[PDB]
(Lines of atoms letter the chains of each structure in order from A and count residues from 1; the text may use other names and numbers.)
(Lines give C-alpha, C1' and ligand atoms only; values in the text may rest on other atoms or scores of the structure.)
Protein backbone atom coordinates (compact mmCIF):
# COMPACT_ATOMS: atom_id res chain seq x y z
CA UNK A 1 0.00 0.00 0.00
CA UNK A 2 3.09 2.20 0.25
CA UNK A 3 4.23 4.42 -2.62
CA UNK A 4 7.52 5.85 -3.80
CA UNK A 5 8.35 9.51 -3.18
CA UNK A 6 8.79 10.05 -6.94
CA UNK A 7 5.26 8.89 -7.79
CA UNK A 8 3.76 10.90 -4.93
CA UNK A 9 5.65 14.02 -6.04
CA UNK A 10 4.07 13.50 -9.46
CA UNK A 11 0.63 12.97 -7.91
CA UNK A 12 0.68 16.14 -5.81
CA UNK A 13 1.47 18.17 -8.93
CA UNK A 14 -1.34 16.39 -10.78
CA UNK A 15 -3.77 17.12 -7.92
CA UNK A 16 -3.80 20.80 -8.94
CA UNK A 17 -5.89 19.64 -11.93
CA UNK A 18 -8.45 17.88 -9.70
CA UNK A 19 -11.33 20.22 -8.98
CA UNK A 20 -14.32 20.61 -6.68
CA UNK A 21 -17.52 21.29 -8.64
CA UNK A 22 -20.40 22.78 -6.67
CA UNK A 23 -23.84 24.20 -7.39
CA UNK A 24 -26.47 26.02 -5.31
CA UNK A 25 -29.58 26.80 -7.36
CA UNK A 26 -32.89 24.93 -7.38
CA UNK A 27 -30.70 21.98 -6.32
CA UNK A 28 -27.65 22.00 -4.04
CA UNK A 29 -24.71 19.66 -4.38
CA UNK A 30 -21.06 18.93 -5.08
CA UNK A 31 -18.83 16.54 -7.01
CA UNK A 32 -15.27 16.04 -8.20
CA UNK A 33 -13.99 16.79 -11.71
CA UNK A 34 -10.65 17.13 -13.46
CA UNK A 35 -9.09 18.98 -16.39
CA UNK A 36 -9.48 16.55 -19.30
CA UNK A 37 -8.08 18.45 -22.30
CA UNK A 38 -7.55 22.18 -22.65
CA UNK A 39 -10.41 24.16 -21.15
CA UNK A 40 -12.54 21.00 -20.97
CA UNK A 41 -13.17 19.19 -17.69
CA UNK A 42 -14.51 15.69 -17.10
CA UNK A 43 -16.87 14.45 -14.38
CA UNK A 44 -19.67 11.92 -13.98
CA UNK A 45 -23.06 11.99 -15.71
CA UNK A 46 -25.30 11.40 -12.70
CA UNK A 47 -23.64 14.57 -11.40
CA UNK A 48 -25.33 16.45 -14.24
CA UNK A 49 -28.53 14.59 -13.34
CA UNK A 50 -28.24 15.97 -9.80
CA UNK A 51 -27.46 19.46 -11.11
CA UNK A 52 -30.45 19.77 -13.44
CA UNK A 53 -33.10 17.84 -11.49
CA UNK A 54 -35.99 15.58 -12.39
CA UNK A 55 -38.60 16.54 -14.96
CA UNK A 56 -36.52 19.16 -16.79
CA UNK A 57 -36.44 19.26 -20.58
CA UNK A 58 -32.95 18.63 -22.04
CA UNK A 59 -33.06 21.84 -24.09
CA UNK A 60 -32.57 23.77 -20.83
CA UNK A 61 -29.78 21.65 -19.32
CA UNK A 62 -26.85 23.67 -20.68
CA UNK A 63 -28.45 26.96 -19.64
CA UNK A 64 -28.78 25.64 -16.09
CA UNK A 65 -25.19 24.35 -15.99
CA UNK A 66 -23.77 27.70 -17.06
CA UNK A 67 -25.81 29.49 -14.40
CA UNK A 68 -25.11 27.60 -11.16
CA UNK A 69 -22.02 25.38 -11.60
CA UNK A 70 -18.71 26.62 -10.16
CA UNK A 71 -15.38 24.77 -10.21
CA UNK A 72 -12.43 25.44 -7.90
CA UNK A 73 -9.03 23.74 -8.05
CA UNK A 74 -7.45 25.19 -4.90
CA UNK A 75 -9.74 23.53 -2.34
CA UNK A 76 -7.11 22.22 0.07
CA UNK A 77 -8.46 23.81 3.27
CA UNK A 78 -11.87 24.75 4.64
CA UNK A 79 -11.41 28.45 3.80
CA UNK A 80 -10.80 27.63 0.11
CA UNK A 81 -14.03 25.65 -0.26
CA UNK A 82 -15.97 28.10 -2.46
CA UNK A 83 -13.38 30.70 -3.51
CA UNK A 84 -11.30 31.28 -6.64
CA UNK A 85 -13.73 29.44 -8.89
CA UNK A 86 -14.23 29.21 -12.64
CA UNK A 87 -17.64 29.38 -14.26
CA UNK A 88 -18.80 26.85 -16.85
CA UNK A 89 -19.81 27.67 -20.41
CA UNK A 90 -23.52 27.00 -21.07
CA UNK A 91 -22.62 23.97 -23.17
CA UNK A 92 -23.42 20.28 -22.68
CA UNK A 93 -22.87 17.88 -25.58
CA UNK A 94 -20.29 15.14 -24.79
CA UNK A 95 -21.62 12.55 -22.33
CA UNK A 96 -22.87 8.98 -21.92
CA UNK A 97 -25.13 7.43 -19.28
CA UNK A 98 -23.77 3.87 -19.50
CA UNK A 99 -20.09 4.77 -19.14
CA UNK A 100 -21.18 7.59 -16.78
CA UNK A 101 -19.10 10.54 -17.98
CA UNK A 102 -19.77 14.17 -18.85
CA UNK A 103 -17.63 16.89 -20.43
CA UNK A 104 -17.99 20.55 -19.45
CA UNK A 105 -16.09 23.64 -20.61
CA UNK A 106 -14.53 26.18 -18.26
CA UNK A 107 -15.00 29.91 -18.83
CA UNK A 108 -11.76 31.89 -18.86
CA UNK A 109 -11.73 34.63 -16.20
CA UNK A 110 -8.07 35.64 -16.39
CA UNK A 111 -6.87 32.82 -14.12
CA UNK A 112 -4.44 29.99 -14.82
CA UNK A 113 -6.23 26.89 -16.10
CA UNK A 114 -4.63 23.74 -14.61
CA UNK A 115 -2.54 21.42 -16.75
CA UNK A 116 -4.47 18.77 -18.65
CA UNK A 117 -4.36 15.28 -17.15
CA UNK A 118 -4.89 13.35 -20.40
CA UNK A 119 -1.38 12.61 -21.68
CA UNK A 120 -2.53 9.67 -23.81
CA UNK A 121 -4.19 6.26 -23.45
CA UNK A 122 -2.70 4.24 -20.58
CA UNK A 123 -3.71 0.58 -20.13
CA UNK A 124 -5.81 -0.29 -17.09
CA UNK A 125 -3.89 -2.24 -14.41
CA UNK A 126 -5.26 -5.73 -13.86
CA UNK A 127 -4.04 -5.69 -10.24
CA UNK A 128 -1.84 -3.80 -7.81
CA UNK A 129 -2.01 -0.29 -6.39
CA UNK A 130 -3.94 2.76 -7.60
CA UNK A 131 -4.31 6.35 -6.39
CA UNK A 132 -7.61 8.24 -6.30
CA UNK A 133 -7.60 12.04 -5.92
CA UNK A 134 -10.82 13.83 -5.11
CA UNK A 135 -13.13 15.56 -2.63
CA UNK A 136 -14.91 12.80 -0.67
CA UNK A 137 -17.81 13.92 1.53
CA UNK A 138 -17.35 17.36 -0.02
CA UNK A 139 -14.27 17.78 2.16
CA UNK A 140 -10.86 19.21 1.29
CA UNK A 141 -8.88 17.56 -1.49
CA UNK A 142 -7.57 14.12 -0.51
CA UNK A 143 -5.62 11.25 -2.06
CA UNK A 144 -6.08 7.54 -1.31
CA UNK A 145 -3.90 4.54 -2.15
CA UNK A 146 -6.24 1.68 -3.01
CA UNK A 147 -6.19 -2.02 -3.86
CA UNK A 148 -7.56 -3.10 -7.24
CA UNK A 149 -10.04 -5.99 -7.32
CA UNK A 150 -9.31 -8.06 -10.46
CA UNK A 151 -12.32 -8.65 -12.68
CA UNK A 152 -12.20 -12.44 -12.25
CA UNK A 153 -12.50 -11.99 -8.48
CA UNK A 154 -15.34 -9.43 -8.56
CA UNK A 155 -18.03 -12.12 -8.37
CA UNK A 156 -16.27 -13.76 -5.43
CA UNK A 157 -15.49 -10.72 -3.23
CA UNK A 158 -19.04 -9.35 -3.44
CA UNK A 159 -20.64 -12.63 -2.40
CA UNK A 160 -18.16 -12.91 0.47
CA UNK A 161 -18.82 -9.36 1.67
CA UNK A 162 -22.57 -9.99 1.74
CA UNK A 163 -22.17 -13.25 3.68
CA UNK A 164 -19.57 -11.83 6.09
CA UNK A 165 -30.18 -3.67 0.50
CA UNK A 166 -28.78 -5.57 -2.49
CA UNK A 167 -28.20 -9.06 -3.90
CA UNK A 168 -25.69 -10.69 -6.23
CA UNK A 169 -28.42 -10.09 -8.83
CA UNK A 170 -27.63 -6.35 -8.49
CA UNK A 171 -23.90 -6.43 -9.30
CA UNK A 172 -24.63 -7.88 -12.76
CA UNK A 173 -23.53 -4.59 -14.32
CA UNK A 174 -19.92 -4.61 -13.06
CA UNK A 175 -19.07 -8.26 -12.47
CA UNK A 176 -18.17 -8.94 -16.12
CA UNK A 177 -17.65 -5.33 -17.21
CA UNK A 178 -14.23 -4.72 -18.83
CA UNK A 179 -15.03 -1.00 -19.19
CA UNK A 180 -14.84 -0.43 -15.42
CA UNK A 181 -12.16 -0.99 -12.80
CA UNK A 182 -13.12 -2.20 -9.32
CA UNK A 183 -11.28 -1.42 -6.10
CA UNK A 184 -11.53 -0.96 -2.33
CA UNK A 185 -11.34 2.72 -1.37
CA UNK A 186 -12.48 5.10 1.36
CA UNK A 187 -13.67 7.70 -1.19
CA UNK A 188 -17.00 5.91 -1.65
CA UNK A 189 -19.17 8.97 -0.85
CA UNK A 190 -19.48 12.02 -3.09
CA UNK A 191 -16.16 11.41 -4.87
CA UNK A 192 -17.76 10.90 -8.30
CA UNK A 193 -15.43 12.30 -10.93
CA UNK A 194 -12.23 11.72 -8.96
CA UNK A 195 -9.31 10.70 -11.21
CA UNK A 196 -7.78 7.28 -10.60
CA UNK A 197 -4.11 6.85 -11.54
CA UNK A 198 -2.01 3.70 -11.75
CA UNK A 199 0.99 2.95 -9.53
CA UNK A 200 3.19 5.10 -11.82
CA UNK A 201 0.92 8.17 -11.77
CA UNK A 202 -0.78 7.81 -15.17
CA UNK A 203 -4.47 8.67 -15.46
CA UNK A 204 -6.27 5.37 -16.03
CA UNK A 205 -9.87 5.84 -14.90
CA UNK A 206 -12.50 8.04 -13.24
CA UNK A 207 -14.24 6.92 -10.04
CA UNK A 208 -18.00 6.51 -10.51
CA UNK A 209 -19.87 5.32 -7.41
CA UNK A 210 -20.19 2.54 -4.83
CA UNK A 211 -22.71 0.51 -2.81
CA UNK A 212 -23.35 2.00 0.63
CA UNK A 213 -24.59 0.24 3.75
CA UNK A 214 -24.75 1.02 7.47
CA UNK A 215 -22.75 -0.82 10.13
CA UNK A 216 -22.37 0.33 13.75
CA UNK A 217 -23.70 3.82 12.97
CA UNK A 218 -21.01 4.14 10.27
CA UNK A 219 -21.55 4.20 6.50
CA UNK A 220 -19.39 1.69 4.63
CA UNK A 221 -19.34 0.43 1.04
CA UNK A 222 -19.12 -3.08 -0.40
CA UNK A 223 -17.16 -2.36 -3.60
CA UNK A 224 -16.21 0.71 -5.61
CA UNK A 225 -15.78 1.09 -9.36
CA UNK A 226 -14.82 3.61 -12.00
CA UNK A 227 -15.09 4.04 -15.75
CA UNK A 228 -11.80 3.43 -17.53
CA UNK A 229 -10.30 6.29 -19.54
CA UNK A 230 -9.84 3.89 -22.46
CA UNK A 231 -13.59 3.23 -22.62
CA UNK A 232 -14.50 6.91 -22.26
CA UNK A 233 -12.08 8.04 -24.96
CA UNK A 234 -13.16 5.26 -27.34
CA UNK A 235 -16.83 6.19 -26.88
CA UNK A 236 -15.92 9.81 -27.59
CA UNK A 237 -13.98 8.78 -30.71
CA UNK A 238 -17.00 6.85 -31.99
CA UNK A 239 -19.94 9.06 -31.00
CA UNK A 240 -18.37 12.54 -31.19
CA UNK A 241 -15.73 12.18 -33.90
CA UNK A 242 -15.76 15.80 -35.23
CA UNK A 243 -15.30 17.23 -31.73
CA UNK A 244 -12.61 14.63 -31.01
CA UNK A 245 -10.63 15.63 -34.10
CA UNK A 246 -11.19 19.33 -33.38
CA UNK A 247 -9.82 19.05 -29.83
CA UNK A 248 -7.37 16.15 -29.62
CA UNK A 249 -5.25 15.79 -32.78
CA UNK A 250 -4.67 19.44 -33.70
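Residue numbers count along the first chain shown, from 1.
message: Please classify the unmodelled stretch of the deposited sequence between residue 112 and residue 113: none, 1 to 3, 4 to 9, or 10 or more residues.
response: Gap between residue 112 and residue 113: none, chain continuous.
query: Where do the C-alpha atoms have the higher mean temperature factor in this entry, in 46 to 54 or in 214 to 222?
result: If you average the C-alpha B-factors of 46 to 54 and of 214 to 222, the larger mean comes out for 214 to 222.
query: Comparing 124 to 132 with 70 to 78, which stretch shows the greater average C-alpha B-factor in the deposited entry?
result: The recorded data point to 124 to 132.
task: Report the option among 85, 92, 166, 101 whose CA atom has the maximum B-factor in the deposited record.
output: So the option with the highest C-alpha B-factor is 166.
field: Cα B factor band for residue 137 (lowest, middle or highest third within the chain)
entry: Residue 137: CA B-factor falls in the lowest third of its chain.
- prompt: For residue 116, does the deposited CA B-factor place it in the lowest, middle or highest third of the chain?
  reply: Ranked within chain, residue 116 CA B lands in the middle tercile.
query: Taking the C-alpha B-factors as the PDB entry records them, is residue 149 in the lowest, middle or highest third of its chain?
result: Tercile = middle for this residue's CA B-factor.
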